[PDB]
Amino acid sequence: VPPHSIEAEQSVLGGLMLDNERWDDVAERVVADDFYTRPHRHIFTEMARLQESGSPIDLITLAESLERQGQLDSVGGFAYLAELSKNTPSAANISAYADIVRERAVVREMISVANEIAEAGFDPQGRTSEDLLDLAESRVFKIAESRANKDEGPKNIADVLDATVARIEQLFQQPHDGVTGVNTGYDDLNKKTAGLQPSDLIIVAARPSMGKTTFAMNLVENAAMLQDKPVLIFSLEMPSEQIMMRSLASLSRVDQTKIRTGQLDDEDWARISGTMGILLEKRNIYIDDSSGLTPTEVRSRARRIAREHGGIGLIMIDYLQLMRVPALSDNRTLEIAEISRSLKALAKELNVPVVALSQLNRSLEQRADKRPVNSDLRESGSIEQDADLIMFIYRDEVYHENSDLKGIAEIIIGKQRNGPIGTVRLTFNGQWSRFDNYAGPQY
Amino acid sequence: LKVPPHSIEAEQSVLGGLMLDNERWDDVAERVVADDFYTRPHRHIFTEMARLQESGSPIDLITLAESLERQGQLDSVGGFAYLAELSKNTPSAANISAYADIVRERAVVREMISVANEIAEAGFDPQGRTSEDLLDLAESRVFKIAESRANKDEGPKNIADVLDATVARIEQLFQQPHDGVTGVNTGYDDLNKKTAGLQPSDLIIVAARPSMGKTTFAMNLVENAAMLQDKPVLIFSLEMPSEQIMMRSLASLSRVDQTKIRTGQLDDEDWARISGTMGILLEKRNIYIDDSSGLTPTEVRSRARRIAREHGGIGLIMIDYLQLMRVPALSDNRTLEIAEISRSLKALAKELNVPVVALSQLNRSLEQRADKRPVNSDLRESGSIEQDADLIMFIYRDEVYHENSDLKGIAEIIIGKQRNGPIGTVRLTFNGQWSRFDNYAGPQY
Amino acid sequence: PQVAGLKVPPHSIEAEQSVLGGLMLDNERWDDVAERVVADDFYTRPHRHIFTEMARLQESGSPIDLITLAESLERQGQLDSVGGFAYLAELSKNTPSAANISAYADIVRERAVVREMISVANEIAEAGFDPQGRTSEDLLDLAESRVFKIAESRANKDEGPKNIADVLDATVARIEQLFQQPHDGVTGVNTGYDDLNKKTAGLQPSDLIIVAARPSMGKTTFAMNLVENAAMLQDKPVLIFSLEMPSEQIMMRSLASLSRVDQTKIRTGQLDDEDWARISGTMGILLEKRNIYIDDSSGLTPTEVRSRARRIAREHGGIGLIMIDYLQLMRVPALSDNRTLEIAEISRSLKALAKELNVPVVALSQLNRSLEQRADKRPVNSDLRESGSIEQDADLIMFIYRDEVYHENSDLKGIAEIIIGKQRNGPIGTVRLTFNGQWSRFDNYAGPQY
Amino acid sequence: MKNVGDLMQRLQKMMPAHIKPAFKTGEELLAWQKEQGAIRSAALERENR
Ligand SMILES: Nc1ncnc2c1ncn2[C@@H]1O[C@H](COP(=O)(O)OP(=O)(O)O)[C@@H](O)[C@H]1O
Ligand SMILES: Nc1ncnc2c1ncn2[C@@H]1O[C@H](COP(=O)(O)OP(=O)(O)O)[C@@H](O)[C@H]1O
Ligand SMILES: Nc1ncnc2c1ncn2[C@@H]1O[C@H](COP(=O)(O)OP(=O)(O)O)[C@@H](O)[C@H]1O
Ligand SMILES: [Mg+2]
Ligand SMILES: [Mg+2]
Ligand SMILES: [Mg+2]
């Protein structure tokens, strides 16, 4: 007998006919040619093609759309197709069933191929051996080629080069504008950066009161109105009902305090109405006020957004420490390494930047300079090795109150993969949580 | 036979009913949301319809297709020929909003099913996880549906559905005087301002060297906020049991020293106060108490969810002398233990949309400085609570260190970190023979 | 095959045999297991009922092994019905080490949660598809209560958070029970030093007292005097953990103090008839009472202290005082790399104990020798360097200074003062007592004001 | 629960009318922000010196 399972089969098909989230978590592992029988292969094909566009694949969308191709009473028809929905209520572990399906399928295929090798070995039919063995090689290599995850693999130089020439081609005729990717408005900062490159991990990190969550809100807040393409925000630090007040205040140039009290004048209300209505004809931004996460959860939500429409253009994670993968919570360094690698994967996957805030250890207080460097953060440099940019913050007027630098936040770029190190000066005015340019003397 | 329930017919009926009736749209909008539908084209339709009912209101058949062209999505959702049939159908007059009611109901159902599925998943795939961190997942994910008139479960959200709640938070104010508060009232007018009132999502820390009145302070806060509200509160007590707590809170109210209570040398004019504060604590039944010995944050969250399940989402909590809070899992190292605690507390405060008051201590290396005004570096617990928190109010009651000072009967607050506002410094008095702070209508500062 | 081995609910059966094999083989562990496992946490009905008996007896009837269990199990008519005697013998036959239990009861709780969550997920889903014409309001509160019943199955019935009114009833009942009888200023335990009860209102019953000093001030004598007095002033037990020195010296000291004779007339034998009279009296008063219990141990941990104490609490009565001596010897070995965290652990744990039983805890200490280079030497809160956690946990601290060690020209001889340095309920002060240590006892001082 | 046009009209109760933003879009707003920031930088420098 050839090994092949039937319980896993019915269960997988019924569960996907019951919970239309799982198409990712299954299709990552499984291929339509893994089922021993043909009807369920037709069914799986339909599932994938609909979930490409039409998410609901349970019974009635499936039955009714499949009707048009004239394929009822041919895969067991209506009542059998419903017998899938009869049993298996919980969809206990779609994952493991879907693992063993692939397992036995690959075993069966390879054993078949070995048998055909032997029979053609004792039945040459006017064949060479040197001109033969190419068929053995190609027959065996056909396995994973039947699996290829949407045409991924080692590209050739010409395709890569044409991608690059296409970049320069689209870029040249349009005004150069300095940018080489995504913008921020700060025309002093785009020079040391050339834009948040479209596929890069960015990190922002300074001690608590130095106001960096502000800076990330500023970036998304600008990049929205400069684009017409989405963004994300994960606020593991405070809920949306503060975020939007802050961002609204930042745009309309009025403090948080007067809003939450209500002593503000029509001069202000005009700016409020402007920024409000100008957000509410774009629907760019998307916010999440969750608390406990795993990177897998993050990837799920993000891919959901990108599948619903188009493609995102930005991310802003907030206060990265709370991101757990609890398997390793006995330890810290391995944990942080895991988040770093997972975010880098996501970033390169969707061709997106990432803006992952952090924190620093207070040891620097015992140094008398307090301008941070690549060492003060102590996570075995897990994120340090993984970044494609880092830029710290240092607002002087916290520590040295009598200092001749009031509302002057500098930005110490401590690592940059493509450009060089640098330094920037900027101005902080926490009455409405916003940075501005510095058209003042040198740095 | 076993399907996720959607009423595709009534949905389209609503759509086409909105097409030829651009008036009866707010009433529907009280009930239906883009996430509430099932397929994608209907969502695109609805959200564009709303974006246009902002500006372009008279819209039946064609203006939608024009706007849908202005971003270039024709034929991605069917097309103009598809939309023709959506136009022709549903000549309905009387019943539209009932369809919306039932569809919203169906969405609640579907959500419950999906959540149950995630629960079973994490059951089979614990992913290196305990039961304590698993029951909490389940309980929170159910309670988030049981609460929340709107605002469905975990996952991101678009903007307009947040501007609704935020404009509601602004609009609740103008139905009454501003009062200075945007949150909870403490009873201290010196403090409402520089705090802008306790904002109800945040972790607070009330830190001091031992004998400065921090416990007395937080007891006063929960006490006052029991009677400027009608909601529960909690008093976790890892430091001393319900009896001393009751005596002290009772006496903070009735203004008679503890010495005249446990003894019994008290006078008529005192009993006059006691009967009243008593009868005013009994006819409200706000306060709940928890006099444990060794807690985990998990248990804390559990008790909180049950007490919120009884009636109302609570409005204030207190936790006592946080350094006693243990979890045996990470008993090997203490720093990560503090970190996990602070995480749990912050997520709690953000879950139930409440404040939290979590006392602490300070490492004494501030003794040998001779100024002794605390600041945010003397506390040495990795700084993992110098980060998570939102409001830190140290204390310095000077007449403990010095003796012959002019600054007697005073305990001035110091504020170190404020996430949503400024810092400052505030003055208050202390009369520890009946354990209550009072305001200081005094000189400049 | 194995595929159909996936739909099974997860379970363990070998651990379930081994646990009971150890408990039936040994009763010393029931605390830990009952602090991790409950009836329904097992799979089936027989082992459940077995655990039910093996807890409900140890409530009152301590011994539970094989036949002292069956003699009760019969009277509910359940022999040869939950496996029976012959099968039940198997559990005691195999795994005769009782080498590990705690691990073999962790995993049961794990699988039990993992199973009682899944049995709920399926039962929610099927009803979400079979709505019975219900409505959401009638559909989600059941899910709430269902999910919460899981955690309710574990929680002990009397550890949750109380309402205001019940607590208040307890308070007014306390004040009532006080006014049925004189007050004396005392609100708990008495000592014998009327100068002390005023600033202290007696040793309060849910606290962590500390008594710190330099080596030769005599703190040990003071704590012994306290427990010694609260013996005869009560009809309720005490404990002592003389980690410093063993019983045969402690009782000589105590006996002697009670009888106002010096030690050097006992172990010498040059004594009077009046002496032996006052000896036999305090003797026959200690032995008609049977309050005190002593432990001349060597080195300890809070984990063993709790067990030794709770054994006493469950045997008879509820205790009413404890004393621990020269705290520093208490090892908790996981931290011995460090010391600061060690003291923090101990203090934390002793506070938790005392409150877990609602009783006081004397506990002694030592002071670092920094004060010596000051020429005042009256101790204060800043000179004890033991993490300063003891400076935080404690509801009371009462140092001891006694001039006639440092100086010898003293105008202040035979006088020991008590420098209170912290208080959580009353105020601070300073007390003035007298010392006559050739029989090791402190006394009152009717004298001038301070 | 309430949608854009109705949300805006809801907030409009808090204000008098004839208050219009006269901004109409985003890039103009960013230009305005650039201007205000560079205004402020100067007085900031004054106070520093
Ligand atoms: N209304 C205000 N007035 C003055 N300063 C403010 C106001 N609101 C916020 N700030 C300042 O802005 C800073 C922002 O900190 P934040 O963005 O939270 O960084 P982090 O998340 O690292 O704490 C705060 O430290 C605070 O001092
Ligand atoms: N009945 C009282 N008489 C005099 N002082 C008191 C009385 N009750 C409390 N106090 C003082 O109030 C202070 C309160 O300390 P407490 O509330 O215990 O803070 P913590 O819990 O951090 O030690 C004590 O230092 C004590 O001296
Ligand atoms: N038999 C005795 N005769 C005279 N003095 C004594 C006698 N026994 C003890 N003392 C004095 O009384 C003190 C008793 O206190 P002690 O038990 O030593 O406290 P600690 O345990 O703190 O050292 C001794 O330090 C000693 O000075
Ligand atoms: Mg932040
Ligand atoms: Mg306290
Ligand atoms: Mg001793």
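Residues numbered from 1 in each chain as written, not as in the entry; some residues may be left out. Chains lettered and ligands numbered in written order. Part of a larger assembly, values for the part shown. Heavy atoms only, no water.

Draft legend 1. A look at the overall build of chain C. Looking only at helices and strands, one finds 15 helices and nine strands in chain C. Taken over C-alpha atoms, the radius of gyration comes to 29 Å for chain C, far larger than the 22 Å a tight globule of 450 residues would show. Structurally, chain C occupies a C-alpha span of about 95 × 55 × 55 Å along its principal axes. Relative to its 450 residues, chain C shows a buried fraction of 46%. By sequence separation, contacts in chain C at least 24 residues apart represent 69% of the contacts at least 6 residues apart. Carbon and sulfur atoms make up 50% of the accessible area of chain C, which amounts to about 22,900 Å² in all. Between the mean site of the 51 positive side-chain charges and the mean site of the 68 negative ones, chain C shows a separation of 3 Å. (Helix = DSSP H or I, 4+ residues; strand = E, 2+ residues; numbered from the N terminus. Rg over C-alpha atoms; globule rule 2.2 N^0.38 Å. Buried < 20%, exposed > 50% of the residue type's maximum accessible area, 1.4 Å probe, protein only. Contact = heavy atoms within 4.5 Å. Areas by Shrake-Rupley, 256 points an atom, 1.4 Å probe, with all protein chains shown as cover. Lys, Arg positive; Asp, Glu negative; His and termini not counted. Charge placed at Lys NZ, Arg CZ, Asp CG, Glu CD.)

Draft legend 2. Examining the interface of chain D and chain B more closely. At the interface, ten residues of chain D touch 19 residues of chain B. Here chain D meets chain B over a buried area of about 1,400 Å², counting both sides, of which 64% is carbon and sulfur. The largest per-residue losses of area from chain D upon contact with chain B belong to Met 1, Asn 3 and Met 14 of chain D, which jointly make up 48% of the total buried on that side. Joining chain D to chain B, the criterion identifies two salt bridges. (Buried area = accessible area lost by both parts, 1.4 Å probe. Salt bridge = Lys/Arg side-chain N within 4 Å of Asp/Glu carboxyl O.)

Draft legend 3. Structural context of the nonpolar core. Counting 61 residues, the largest nonpolar core has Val 211, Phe 222, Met 323, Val 362 and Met 398 of chain C as the members making the most contacts within it. Of all the elements in the fold, those that place two or more residues in this core are β2 (209-210), α10 (219-232), β3 (240-241), α13 (302-315), α14 (340-357), β5 (396-398) and β8 (431-436) of chain C. The element contributing the most residues to this core is α10 of chain C, with six residues. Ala 249, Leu 279, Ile 285 and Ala 409 of chain A belong to the second-largest nonpolar core, a separate cluster that totals 56 residues. (Core = buried A, V, L, I, M, F, W, Y, C linked by side-chain atoms within 4.5 Å.)

Draft legend 4. View of helix α8 (residues 160-171) of chain B. Here α8 of chain B contains twelve residues, and its C-alpha end-to-end distance of 16 Å stays within 8% of the 16 Å for a straight helix at 1.5 Å per residue. Considering only its buried residues, α8 of chain B is in contact with α11 (240-252), α12 (256-261) and α13 (266-279) of chain A together with α1 (4-11) of chain D. (Expected span 1.5 Å × (residues − 1).)

Draft legend 5. How the structure looks around the packing of aromatic side chains. Taken as a whole, this structure holds 15 aromatic pairs over all chains when the rule is applied. For the pair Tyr 188 of chain B and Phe 217 of chain B, a centre-to-centre distance of 6.4 Å together with 35° between the ring planes defines the contact as tilted. Separated by 29 residues along the polypeptide, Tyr 188 of chain B in the loop between α8 and α9 (189-195) and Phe 217 of chain B in helix α10 (residues 214-227) bring together distant segments of the chain. Here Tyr 188 of chain B matches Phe 217 of chain B in class, with each residue buried. Each ring, one from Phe 42 of chain C and one from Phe 51 of chain C, has its centre 5.7 Å from the other, and the planes form 55°; the classification is tilted. In this pair, the class of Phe 42 of chain C matches that of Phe 51 of chain C, namely buried. Each member of the aromatic cluster is reached from another via a ring pair, and the members are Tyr 188, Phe 217, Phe 430 and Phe 437 of chain B. The ring of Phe 430 of chain B has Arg 397 of chain B lying over it, and the distance from NZ or CZ to the ring centre is 4.5 Å. (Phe/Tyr/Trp six-rings, centres within 6.5 Å; stacked < 30°, edge-to-face > 60°. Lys NZ or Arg CZ within 6 Å of the ring centre and 35° of its normal.)

Draft legend 6. Local environment of the site of ligand 2. The immediate surroundings of ligand 2 are formed by 17 residues, with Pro 210, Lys 214 and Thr 215 of chain B together with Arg 424 and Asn 425 of chain C found nearest. Taken together, the residues near ligand 2 originate from chains B and C. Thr 215 of chain B has a polar side-chain atom sitting 2.8 Å from an oxygen atom of ligand 2. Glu 239 of chain B is positioned such that a nitrogen or oxygen atom in its side chain is 3.0 Å from an oxygen atom of ligand 2. Expressed as a share of its isolated accessible area of 570 Å², the protein-covered part of ligand 2 is 90%. Per element, the largest residue contribution to the shell around ligand 2 is three residues, and it comes from α10 of chain B. A breakdown of the residues in the shell around ligand 2 according to their chemical character gives three nonpolar, ten polar and four charged. (Near = heavy atom within 4 Å. Polar contact = N/O pair within 3.5 Å; in protein donor to acceptor, adjacent residues only side chain to side chain. Nonpolar A, V, L, I, M, F, W, Y, C, P; charged D, E, K, R; others polar.)

Draft legend 7. Representation of a positive patch on the surface in the model. A grouping of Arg 31, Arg 104, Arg 149 and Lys 152 of chain B is seen on the molecular surface, where their side chains present a positively charged patch. Relative to the helices and strands, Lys 152 of chain B is located in the loop between α7 (132-146) and α8. (Patch = residues over 30% accessible without salt bridge, like charges linked within 9 Å, V, L, I, M, F, W, Y side chains within 5 Å.)

Draft legend 8. View of the coordination of the magnesium ion (ligand 6). Residue and element names in this part refer to chain C. Distances from the magnesium ion (ligand 6) to its protein donors, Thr 220 (OG1), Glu 244 (OE) and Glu 244 (OE), fall at 1.9 to 2.2 Å. Here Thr 220, found in helix α10, pairs with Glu 244, found in the loop between β3 and α11 (247-259); they are 24 residues apart in sequence, far enough to count as distant. A relative accessible area of 39% places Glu 244 in the partly exposed class. (Donors = N, O, S within 2.8 Å, 3.2 Å for Na, K, Ca; no water.)

Draft legend 9. Here's a closer look at the interface of chain A and chain B. Between chain A and chain B, the residue contacts involve 67 residues of the former and 59 residues of the latter. Each partner contributes to the roughly 6,000 Å² buried at the junction of chain A and chain B, and carbon and sulfur atoms together form 50% of this total. Applying the counting criterion to the chain A and chain B interface returns six salt bridges. Put simply, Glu 308 of chain A and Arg 43 of chain B hold a salt bridge, and the shortest N to O gap is 3.8 Å.

Draft legend 10. Highlighting the coordination of the magnesium ion (ligand 4). All names here are of chain A. All of the protein donors around the magnesium ion (ligand 4) are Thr 213 (OG1), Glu 237 (OE) and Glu 237 (OE); their distances to the metal are 1.9 to 2.1 Å. Remark: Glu 237 occurs in the loop between β2 (233-234) and α11 and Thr 213 occurs in helix α10 (residues 213-226); sequence separation between them is 24 residues. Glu 237 shares its class with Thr 213; the two are buried.

Draft legend 11. Molecular detail of the site of ligand 1. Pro 208, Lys 212, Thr 213, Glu 237 and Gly 430 of chain A are the nearest of the 17 residues found near ligand 1. Around ligand 1, the neighbouring residues derive from chains A and B rather than from a single chain. At a separation of 2.7 Å, an oxygen atom of ligand 1 approaches a polar side-chain atom of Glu 237 of chain A. At a separation of 3.4 Å, an oxygen atom of ligand 1 approaches a polar side-chain atom of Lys 417 of chain B.

Draft legend 12. Local environment of a negative patch on the surface. A cluster of acidic side chains, namely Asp 177, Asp 187 and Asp 188 of chain A together with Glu 27 and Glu 28 of chain D, defines a negative patch on the protein surface. Structurally, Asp 177 of chain A can be placed in the loop between α8 (157-173) and α9 (190-193).

Draft legend 13. Focus on the sheet that holds strand β5 (residues 389-392) of chain A. Taken in spatial order, the four strands of this open sheet run β4-β1-β5-β8 (chain A), and their pairing is mixed. For this open sheet the edge positions go to β4 (354-357) and β8 (415-416) of chain A, each flanked by a neighbour on one side alone. (Pairing = 2+ DSSP bridges.)

Draft legend 14. Broad picture of unusual backbone geometry. Residue and element names in this part refer to chain A. The residue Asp 73 is not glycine, and still its phi comes out positive at about 35°. Assignment of secondary structure puts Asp 73 in the loop between α4 (60-68) and α5 (77-86). Residues other than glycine seldom take positive phi values, yet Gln 125 does so here, at roughly 60°. Along the chain, the position of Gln 125 falls in the loop between α6 (94-121) and α7 (130-145).

Draft legend 15. Representation of the packing of α10 of chain A against α11 of chain A. All names here are of chain A. Remark: α10 packs on α11, axes separated minimally by 10 Å, with the N-to-C direction vectors making an angle of 65°. Classified by the angle between their axes, α10 and α11 sit roughly perpendicular to one another. In terms of crossing hand, the pair formed by α10 and α11 is right-handed. Of the residues in α11, those touching α10 at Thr 213, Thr 214, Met 217, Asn 218, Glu 221 and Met 225 are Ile 243, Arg 246, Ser 247, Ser 250 and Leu 251. (Axes fitted to C-alpha atoms, helices over the stretch in contact; angles between N-to-C directions. Parallel < 35°, antiparallel > 145°, perpendicular 65-115°, else oblique. Left-handed = near helix turned anticlockwise from the far one by under 90°.)

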